[PDB]
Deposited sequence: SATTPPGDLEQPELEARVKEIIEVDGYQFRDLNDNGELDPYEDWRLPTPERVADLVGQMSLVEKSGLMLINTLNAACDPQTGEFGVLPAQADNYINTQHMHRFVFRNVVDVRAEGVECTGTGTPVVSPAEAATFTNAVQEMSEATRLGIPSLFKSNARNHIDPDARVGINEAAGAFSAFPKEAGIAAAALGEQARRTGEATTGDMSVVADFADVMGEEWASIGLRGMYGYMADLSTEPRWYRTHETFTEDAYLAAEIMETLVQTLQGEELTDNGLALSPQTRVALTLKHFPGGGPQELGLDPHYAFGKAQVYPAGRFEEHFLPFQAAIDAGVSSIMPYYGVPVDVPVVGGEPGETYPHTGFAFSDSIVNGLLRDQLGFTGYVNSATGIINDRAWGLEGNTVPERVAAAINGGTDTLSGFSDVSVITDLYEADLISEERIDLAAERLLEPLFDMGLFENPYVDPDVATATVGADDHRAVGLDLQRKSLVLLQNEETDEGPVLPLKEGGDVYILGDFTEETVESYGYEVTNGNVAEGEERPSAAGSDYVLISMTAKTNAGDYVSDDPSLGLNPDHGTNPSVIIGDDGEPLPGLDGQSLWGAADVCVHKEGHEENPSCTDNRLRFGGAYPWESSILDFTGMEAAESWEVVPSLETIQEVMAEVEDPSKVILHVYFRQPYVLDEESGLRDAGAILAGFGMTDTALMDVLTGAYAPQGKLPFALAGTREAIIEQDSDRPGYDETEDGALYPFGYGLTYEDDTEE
């Protein structure tokens, strides 16, 4: 009964034989401070006592990073006392800093697990110190995946976790449908304990988006293209991270909730047109040529039914999509999902039954109010809140919500309803009783030996064997013991040496002679492709306003009957950026798309996913360069002695002209260490993963495939490797 209670500013009061935290510091037990009453009654009493601005402060969520290790940043006082915010996004890398690190510049420091816990405890202490002592919630993007983070236990990327899951279901069933969720559960158990231990109880994620459009740069963090497998992953992720104890309101929230998920990006951010992402003005559009809008919010249905705490809608504009459960011929507003009542209030809450709160994507008011290009900031804030969005990521100006209330552009009925939905989980999660964590217990949880072992295990099972030729001497893989080995790509020489091979290193500096691979028993290449689009400028005549770069075929007709600027299907790629069309209320607006900060290629190269194409592209880079790989593969005798490990960050195309298909073995890796790849390469473990998305063999397939449809079975050329494909060793 008596829950653990910590209080560093307000004090504890004993009542009816129990102890309670006096958070209003009135000296008396208020029903909201009484942990014995149902959550609704505590909310009602708390909401009852709050000022208007106090309730408005709940509708904001903003970056609050530790600074230098783990001091509170400049804006903490302003956010907590002037804006009355209680929701923050924590973005520092958590790891052990190398000797010598001298905090300098205006970057974002690395902090140890205890330093992070110390910083988040300080924020909770500043929160306790506010008039009513409401606690704080921190959110974070994922931290547990290898970037091919810090001291968090390392796992393959999301698609690698699905690969492991599919492949373990096949090794026990001979079938790859929706996977063995024990793999996912085992992953999420490690993430939960490590996050909770630093006082990190909220997540911007995971992504339920489907990888049905291979040209979308964010396929790097999607699990799969299959709605049904996504649905099963979402279900297990919520059950493991939030728990299976549901409130009467149907939310998996207890004090035993380690991380409350904000599933993103509703209703599904996968089917972007030409793969262009709506962080940017040319990529506002989401299109559904195969009519799978219903399929794409299916994982969200599964997460909602398991009680996910929160939903983040995406920036995208759904084009000509029938309202689900509406009168025929009706379509959803051609505006960002977060501003459409039909989506946030109608689809999500009425049709899919969501009873939680809604968290906008970051920066929808100032930067990405798609469909509301001409509207003001106060107008955009009102439309988002009135459409159904309860908290605004990236907006930190509480006075705008209060001005809108006094101008009757938002009601007290709406703000109260927001306050109740945002406050509810903090209550069910037990943060009103104890919101603190032990820094020292963080140091013993984040990156524990058994946690790293579960990751390494998931790493080894994520690897997908695509190709393993049978030579005269048997299959290429596993490697035979010992030999001369050529390495190229991100291989650590000594690590490969340590398995007892004499290693020739083809990775040399620019001004240096690469040793030839001639006479090698084995060539190990580890390769990928990156975008390199940091030079992009929307209003530069040589780039975004360059007629030689073509036109943006995306058409979005505004509900008002006229096309959105730059999206009439005839305009220069850059013309959609506000710095070009200037329809806002600002003198010389800055460009939203410059430097393509978030990822993705130049929009006019978004369809170049084949390695030959990418080598030649302006804003794509093959690493190591396709030229070098091809030199190397010819210097060896039989290409059958080259083993390609490919990081398919996007469903890249092994095109026939590149010759990569001539390798004796090809593997799909979704993020792993040298030592985990070597253990599978040498046969200490057999590969058993299966593809969670299909791979194509021609650029024509990439351009023909329906952005909302999984696979390439509707194309002339079709798939090189189907979903669910993966070899193993056969002895």
Report summary line: Stretches of the deposited sequence lacking C-alpha coordinates, in sequence order, are 1-9, 78-83, 164-172, 756-759
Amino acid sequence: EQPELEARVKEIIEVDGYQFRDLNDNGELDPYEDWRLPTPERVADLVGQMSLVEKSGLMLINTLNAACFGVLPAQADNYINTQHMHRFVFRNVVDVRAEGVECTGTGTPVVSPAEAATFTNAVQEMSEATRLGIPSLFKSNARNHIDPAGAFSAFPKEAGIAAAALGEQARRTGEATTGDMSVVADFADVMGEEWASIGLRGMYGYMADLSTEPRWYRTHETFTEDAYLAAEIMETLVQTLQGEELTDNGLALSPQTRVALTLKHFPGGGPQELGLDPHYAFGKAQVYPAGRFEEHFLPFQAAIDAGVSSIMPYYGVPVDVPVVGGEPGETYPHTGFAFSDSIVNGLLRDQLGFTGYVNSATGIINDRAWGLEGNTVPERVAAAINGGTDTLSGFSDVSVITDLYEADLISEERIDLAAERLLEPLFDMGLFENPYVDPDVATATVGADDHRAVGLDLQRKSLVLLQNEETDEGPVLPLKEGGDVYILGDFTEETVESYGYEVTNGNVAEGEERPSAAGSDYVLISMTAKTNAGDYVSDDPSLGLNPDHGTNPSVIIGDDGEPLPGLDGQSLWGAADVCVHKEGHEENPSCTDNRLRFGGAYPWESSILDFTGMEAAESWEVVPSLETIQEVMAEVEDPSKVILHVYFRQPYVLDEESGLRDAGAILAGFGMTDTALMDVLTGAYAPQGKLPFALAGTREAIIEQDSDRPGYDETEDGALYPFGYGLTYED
From here on, numbers count along this sequence of modelled residues.
Query raised in the report: What stretch has the higher average Cα B-factor here, 249-257 or 646-654?
Result: 249-257
Query raised in the report: For the C-alpha atoms alone, is the average B factor greater in 114-122 or in 210-218, going by the entry?
Result: 114-122
Query raised in the report: Looking at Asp610, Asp95, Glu605, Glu627, which has the biggest Cα B factor in the entry?
Result: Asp95
**Report entry** Member of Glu631, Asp390, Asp350, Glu497 with the greatest C-alpha B factor (per the PDB record)
**Finding:** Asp350
Query raised in the report: Taking the C-alpha B-factors as the PDB entry records them, is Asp679 in the lowest, middle or highest third of its chain?
Result: middle
Report task. Looking at the entry's B-factor column for C-alpha atoms only, identify whether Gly511 ranks in the lowest, middle or highest third of its chain. Result -> highest
Requested in this report: State the tercile, meaning the lowest, middle or highest third, of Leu720 with respect to the CA B-factors recorded for its chain.
Outcome: middle
Report task. Name the third of the chain's ranked CA B-factors that contains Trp573, choosing lowest, middle or highest. Result -> middle
Query raised in the report: Is the Cα B-factor recorded for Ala170 in the lowest, middle or highest third of its chain?
Result: highest
